[PDB]
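Chains as they are written, first to last, in this note's numbering: chain E, 113 to 128; chain Y, 1073 to 1409; chain G, 53 to 152; chain H, 18 to 115; chain C, 46 to 144; chain X, 38 to 198. Quick reminder that beta carbons are idealized off the backbone N, C-alpha and C, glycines included. Working notes for the structure below.
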Amino acid sequence: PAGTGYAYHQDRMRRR
Amino acid sequence: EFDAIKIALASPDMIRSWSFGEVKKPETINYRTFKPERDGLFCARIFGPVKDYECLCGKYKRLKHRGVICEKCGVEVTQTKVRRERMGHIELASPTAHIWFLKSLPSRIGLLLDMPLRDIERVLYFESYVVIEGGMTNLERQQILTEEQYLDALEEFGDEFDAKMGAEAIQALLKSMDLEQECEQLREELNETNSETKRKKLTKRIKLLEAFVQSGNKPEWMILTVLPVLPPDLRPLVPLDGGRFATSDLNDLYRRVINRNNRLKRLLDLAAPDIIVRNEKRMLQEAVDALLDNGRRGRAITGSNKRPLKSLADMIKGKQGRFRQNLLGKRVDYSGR
Amino acid sequence: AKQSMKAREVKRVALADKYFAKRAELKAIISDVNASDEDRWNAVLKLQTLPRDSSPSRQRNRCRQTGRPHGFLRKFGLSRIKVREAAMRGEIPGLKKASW
Amino acid sequence: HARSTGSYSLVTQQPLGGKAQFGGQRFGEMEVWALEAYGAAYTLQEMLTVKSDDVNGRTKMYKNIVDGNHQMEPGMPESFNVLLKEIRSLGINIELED
Amino acid sequence: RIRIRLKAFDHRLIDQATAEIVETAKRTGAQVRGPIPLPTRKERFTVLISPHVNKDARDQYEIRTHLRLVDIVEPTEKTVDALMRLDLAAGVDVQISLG
Amino acid sequence: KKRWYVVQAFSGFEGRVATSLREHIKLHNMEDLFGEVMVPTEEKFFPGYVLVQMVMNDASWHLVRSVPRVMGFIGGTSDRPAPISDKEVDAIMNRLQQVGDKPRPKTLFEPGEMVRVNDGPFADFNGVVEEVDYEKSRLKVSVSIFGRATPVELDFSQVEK
Ligand SMILES: [Zn+2]
């Protein structure tokens, strides 16, 4: 949840 | 797929729900052929078939009836990696308290039952007695008892009087420990005192007393009653180049716990005197404590030659455990040097 | 045979199955020379009280297919006529026409 | 030394170590820190799930590479399941929620 | 010693079974006693063949139960257990008896 | 008066411990301080404990613990170790063979149809027993041989419930 995966974790944290 | 990882204590119902069969016999394998042991550590019915979709002994050699279990085989019928996820459980004859909750510094059972570590170990290694709701006598609940203290009490308070020892007694104490009641008391004790040292000693005890009530962790889950065994695939038995099997250390640990547990069941089933059995339960306690975290008790056991053998906690901790050696750093395909 | 007869037979069989233990015991009691006279008498009377169809000497062996009382064979459970048919068809194992 | 796809170890499904055993180079801990230090996230995900540990993940990967696809189905490291079995073999009840 | 009593209605079938059993014995163990033929039971039956009446009209059937006595003198580990696997022809009642 | 005590030996060397104990008695000639030495046996409880008729002096205590392959006594404490009882000796005298009596001169293991044969010709095998000859000590366990439930006269001790 830092690099390229920060967009993925934004998406997963938004979709809860 | 999944959020947070939750860690908690393991209830005996939870350990029986993990399990797929009681591991009785300590006999590892046949060793003169290739077959295992029915039903020993490396069982068939309790875990699974060595070969994929095959009864190890003889039936189902195609892909039609995956599951049937004949009486001649006492074997499940699934994948080769099915045994890696399946775990067994050892019905410990005598209760044995966990070493991780008895010697963690500070011990989990040390600041919960308001008893010094030294006194906790004495009773735990069959060297001291502990009272449990005696009755109308002149004795406390936490106060312990020695051979001379018990002998005299035995002839004195022969009636309503309870004074056990070992994990059994400890378990009872924890089991009969009103968590909620202690909270208020501790909280009231902290608000009715000014002692600096006491304040810190009371705030550290009430913190672990209210945290246990916040979760679904019971006080009687500290003592191990239904010891769980790691999957065979995870304790692999491969031979090196030759004709002998280079056996792992965990198989020595589990095989000793099962040898001692069978001895303790046989001594308990022969209606022998009530004291006999203290050495037997103490050897089982030390065997379980050596299986879980080896060497935290006095000098660690050893197979070959003087080097101690590696236990489960030593498969976790250290520079060569699972975190620092297989999960943070991995060996990697498509790589060169 | 009729259906009714068959039914009756079945009933008898059932009764026999039921009352065997008691009846046998009673018989034993009656026999036993080393026993009281009054007891023996009671046993005899007790037996009378029990149903008649409870006796095994009441039930007739009938053919299992047709219920024909006569011409029966025990090994096959069939009346002669049916047995023969079975033999002809190949339905009784091992059985063939014998000459010597 | 060089390795595309060789043998795999038995207790933890990771490649073997060394040269005589046809093995792969250890992508150690400080290299994991050095890829956290960039923003390389997919490179580290395939560097410790697809290329190394997950067996169904790497067979899906091998089919996808020989068909031109270039895509990973991630899954879980099998050695993390080994960590679950070793912690679970104590009196500890570790799980996976939700 | 393991005595084995093969019983069947078909003689050929019985013979086949016996041979098979011998084979099973002989590879694993040693000194198979042998396939000894006992007397055959010729259980005869007469029946009236008419539906109603004709008494001299009769069919005389029989069932020839054949016996084969196979004995095994040395029961080893491997041999006795083998029996379970080796499946023989149907309609042959076997009867093994150790001692 | 000599009271009883329990000794722990290395389990398996128990007869040799008993012989060495009798010999140490007749070496250090404290003959008036030892009565017997019991290792009971059924057609073997207790699994590793030696019963000694004895008295308690510290000299005789050092004697029994100086006997080789002996760990120590089993009692409440190690200062004054514990004798066992005497009220349970009257009931044990009337009965000394509860795991091998003639109370049940027939069934040694539940028949039904679940048993395993190991002391007979077909070892490491199980089968279903329809009828049984307890009177003549015989079993008609129909083991699975050549895809058939063939019975075989087995011995009660030869089979296992
Ligand atoms: Zn099978």
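Compare the C-beta of residue i with all C-beta atoms of chain Y and state if any pair is closer than 8 Å.
i, result
"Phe-39 of chain H", "no"
"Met-89 of chain H", "no"
"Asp-115 of chain H", "yes"
Mind checking which residues open and close the beta strand (DSSP E) that includes residue i?
i, result
"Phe-1092 of chain Y", "1091-1094"
"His-1161 of chain Y", "1159-1169"
"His-111 of chain C", "103-117"
"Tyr-1201 of chain Y", "1201-1203"
"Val-1195 of chain Y", "Per DSSP, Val-1195 of chain Y belongs to no beta strand (DSSP E); it is in the alpha helix (DSSP H), 1189-1196."
"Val-77 of chain C", "77-82"
"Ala-186 of chain X", "186-191"
"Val-1154 of chain Y", "Unbroken run through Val-1154 of chain Y: none, as it is neither H nor E."
"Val-154 of chain X", "152-154"
"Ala-1080 of chain Y", "1079-1081"
"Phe-110 of chain X", "107-110"
For chain X, check one thing: does any of its Cβ atoms lie closer than 8 Å to the Cβ of residue i?
i, result
"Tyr-1132 of chain Y", "no"
"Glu-1109 of chain Y", "no"
"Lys-1097 of chain Y", "no"
"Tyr-1103 of chain Y", "no"
Determine the extent of the alpha helix (DSSP H) in which residue i is found, giving its start and end residues.
i, result
"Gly-1238 of chain Y", "1238-1247"
"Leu-64 of chain X", "51-64"
"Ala-1343 of chain Y", "Here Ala-1343 of chain Y belongs to no alpha helix (DSSP H), and DSSP marks it neither H nor E."
"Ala-80 of chain G", "72-83"
"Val-74 of chain X", "Premise fails: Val-74 of chain X lies in the beta strand (DSSP E), 71-75, not in any alpha helix (DSSP H)."
"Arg-126 of chain E", "118-126"
By the three-class DSSP mapping on this structure, what secondary structure does residue i have?
i, result
"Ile-59 of chain C", "helix"
"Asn-131 of chain X", "helix"
"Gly-45 of chain H", "coil"
"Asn-110 of chain H", "strand"
"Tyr-1222 of chain Y", "helix"
"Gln-45 of chain X", "strand"
"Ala-87 of chain G", "coil"
"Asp-1324 of chain Y", "helix"
"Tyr-86 of chain X", "strand"
"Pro-108 of chain G", "helix"
"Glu-1148 of chain Y", "coil"
"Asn-1333 of chain Y", "helix"
"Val-166 of chain X", "strand"
"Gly-1390 of chain Y", "coil"
"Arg-1307 of chain Y", "coil"
"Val-137 of chain C", "strand"
"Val-96 of chain G", "helix"
"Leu-1381 of chain Y", "coil"
"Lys-38 of chain X", "coil"
Any beta carbon from chain H within less than 8 Å of residue i's own beta carbon?
i, result
"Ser-1176 of chain Y", "no"
"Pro-1300 of chain Y", "yes"
"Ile-1077 of chain Y", "yes"
"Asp-1124 of chain Y", "no"
"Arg-1354 of chain Y", "no"
"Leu-1306 of chain Y", "yes"
"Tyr-1201 of chain Y", "no"
Hey, does residue i have any beta-carbon neighbour from chain D nearer than 8 Å?
i, result
"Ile-182 of chain X", "No chain D is part of this structure, whose protein chains are labelled E, Y, G, H, C and X."
Hey, residue i and residue j are a contact pair by Cβ (cut 8 Å); roughly how many whole angstroms apart?
i, j, result
"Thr-1319 of chain Y", "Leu-1309 of chain Y", "6 Å"
"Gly-119 of chain G", "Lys-58 of chain G", "5 Å"
"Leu-1211 of chain Y", "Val-1203 of chain Y", "5 Å"
"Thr-187 of chain X", "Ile-141 of chain C", "6 Å"
"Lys-173 of chain X", "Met-91 of chain X", "Between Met-91 of chain X and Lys-173 of chain X the Cβ distance is about 49 Å, and since that is not below 8 Å, they are no contact."
"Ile-1295 of chain Y", "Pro-1167 of chain Y", "5 Å"
Beta-carbon of residue i versus every beta-carbon of chain C: anything under 8 Å?
i, result
"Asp-170 of chain X", "no"
"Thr-144 of chain X", "no"
So, is the C-beta of residue i closer than 8 Å to a C-beta in chain E?
i, result
"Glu-53 of chain H", "yes"
Checking contacts by CB at 8 Å: is residue i closer than that to chain G?
i, result
"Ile-81 of chain C", "no"
Should the segment 72-85 of chain C be regarded as contacting the segment 111-122 of chain C, the criterion being three or more beta carbon pairs within less than 8 Å? Taking 8 Å as the limit for Cβ pairs, the verdict is that the segment 111-122 of chain C does touch the segment 72-85 of chain C.
Do the segment 99-110 of chain X and the segment 52-66 of chain X make contact, defined as three or more Cβ pairs closer than 8 Å? As far as the Cβ criterion goes, the segment 99-110 of chain X touches the segment 52-66 of chain X, which means the pair count is three or higher.
For the segment 1166-1173 of chain Y against the segment 1350-1363 of chain Y, are there 3 or more C-beta pairs whose distance is under 8 Å? Yes, the segment 1166-1173 of chain Y is in contact with the segment 1350-1363 of chain Y.
Is it the case that the segment 1260-1268 of chain Y contacts the segment 1225-1239 of chain Y, given that we only count it when at least three CB pairs across the two stretches are under 8 Å? Pairwise C-beta distances place the segment 1225-1239 of chain Y out of contact with the segment 1260-1268 of chain Y, as fewer than three of them are shorter than 8 Å.
Give a yes or no on contact between the segment 115-135 of chain C and the segment 86-93 of chain C, applying the rule of three or more CB pairs nearer than 8 Å. No: the two stretches stay apart, fewer than three of their Cβ pairs being nearer than 8 Å.
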